[PDB]
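Numbering (PDB author numbering), first residue to last: 700 to 1040. Quick notes on the structure that follows.
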Amino acid sequence: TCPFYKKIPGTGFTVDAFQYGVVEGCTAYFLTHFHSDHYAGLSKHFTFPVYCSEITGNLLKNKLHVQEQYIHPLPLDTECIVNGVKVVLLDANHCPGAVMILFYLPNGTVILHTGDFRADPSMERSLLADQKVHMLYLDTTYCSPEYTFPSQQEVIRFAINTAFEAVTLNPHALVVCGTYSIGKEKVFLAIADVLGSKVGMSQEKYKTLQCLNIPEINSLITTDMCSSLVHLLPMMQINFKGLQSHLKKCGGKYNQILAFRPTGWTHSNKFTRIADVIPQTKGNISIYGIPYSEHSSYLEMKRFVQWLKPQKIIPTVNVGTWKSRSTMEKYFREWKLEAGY
Ligand code: NI
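Pasting the structure below:
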């Protein structure tokens, strides 16, 4: 049964709730972004409206094969009427096509649902700057002060450096980047840019990338592995036995891999900086973990919430245990007492 934190009061609307069957009263099923936890359930056999971004809609039509009529894409940053409820979609700074949704209820309540987001100061000069938000449905993935991690630009720096170093030192080395969903495309696009290359990938990943409205994408990516020296592989496969396997396939064309595992937080964020990173090493394969996050750090989240001064906060992540719920409420209370709202 659909949880209350996936329903919007005073509407027939639900958010990311595609895995329960029909939800009684639901005129509309919103989908914030194309990640399997949020979309779990959709297929070609949906015949209710889905409202989402254009990019999420391309993925619905081409990867899940939903029929064009039931995908209502909406532009971003545009006031839109949806069953005589005003809504706006705003960029979530998550993966491609990820949005937050502003709901303007008839009764005068305003609700923001963040979907998955990496909070940023550029959001403080968006359409949110214009009016009061009473209820916040909040991505609480890293709501604890241990969760720090670097900026995405800092990390793309490290990467462009490691890669360009090694390739210039050994011109027969391959760069590999791990992936398992959309997100984090900047890692591989940035490295390939510095190496004078396209990125090579499976047919299925090529298909996924061609749905994202990336400008100039035909010049950036290829399914011809042979012709490329930045390759993408499944994240499952980014290990020694699996990278050995792959290093064979390339047919004596490279004598060293240098891999990157963009990950979220790990416990080695607590004791090691990004400039002082190392990889595991079993022979000529060298696997880097680099903490490129598409969720808010604790500080980033804190700042956004203290700016917004919502009257009420509804967590959407880590809500499955009483201990996590309780810990989260305590931080929300501190933030409110500090900030005077
Ligand atoms: Ni996500």
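The beta carbon of each residue, even a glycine, is placed where N, CA and C say it ideally should be.
Subject >> Nearest to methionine 900 (by Cα), restricted to the options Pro933, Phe863, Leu1036 >> reply: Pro933
Original post:
Can you name, in chain order, every residue of its own chain whose Cβ lies under 6 Å from the Cβ of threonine 713, other than the five neighbours on each side?
Top reply: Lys705, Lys706, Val722, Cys725, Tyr728
Subject >> Cα-Cα separation, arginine 1002 to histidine 945 >> reply: 44 Å
**OP:** May I ask you to report which of helix, strand or coil DSSP gives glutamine 1005?
**Re:** helix
**OP:** Run the proximity test for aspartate 815: is its beta-carbon closer than 7 Å to any non-hydrogen atom belonging to the ligand NI?
**Re:** yes
**OP:** Run the proximity test for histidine 732: is its beta-carbon closer than 7 Å to any non-hydrogen atom belonging to the ligand NI?
**Re:** yes
Original post:
Between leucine 789 and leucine 837, is the Cβ-Cβ spacing less than 8 Å?
Top reply: no
Subject >> the ligand NI heavy atom lying under 7 Å from the CB of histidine 793 >> reply: yes
Original post:
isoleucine 800 and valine 875: beta carbons closer than 8 Å?
Top reply: no
Subject >> Endpoints, beta strand (DSSP E) assigned at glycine 988 >> reply: 984 to 990
Original post:
Do you know whose CA, among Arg856, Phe887, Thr700, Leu763, lies nearest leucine 919's CA?
Top reply: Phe887
Original post:
When DSSP labels each residue in this structure, what does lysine 897 get in the three-state scheme?
Top reply: coil
Original post:
Exposed or buried, what is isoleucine 989 when buried is set at 16 or more other beta-carbons lying within 10 Å of its beta-carbon?
Top reply: buried
**OP:** Run the CB neighbour count on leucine 868, radius 10 Å, all protein chains shown included, and call it buried at 16 or more, exposed below.
**Re:** exposed
Original post:
CB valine 765 to CB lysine 743, shorter than 8 Å?
Top reply: yes
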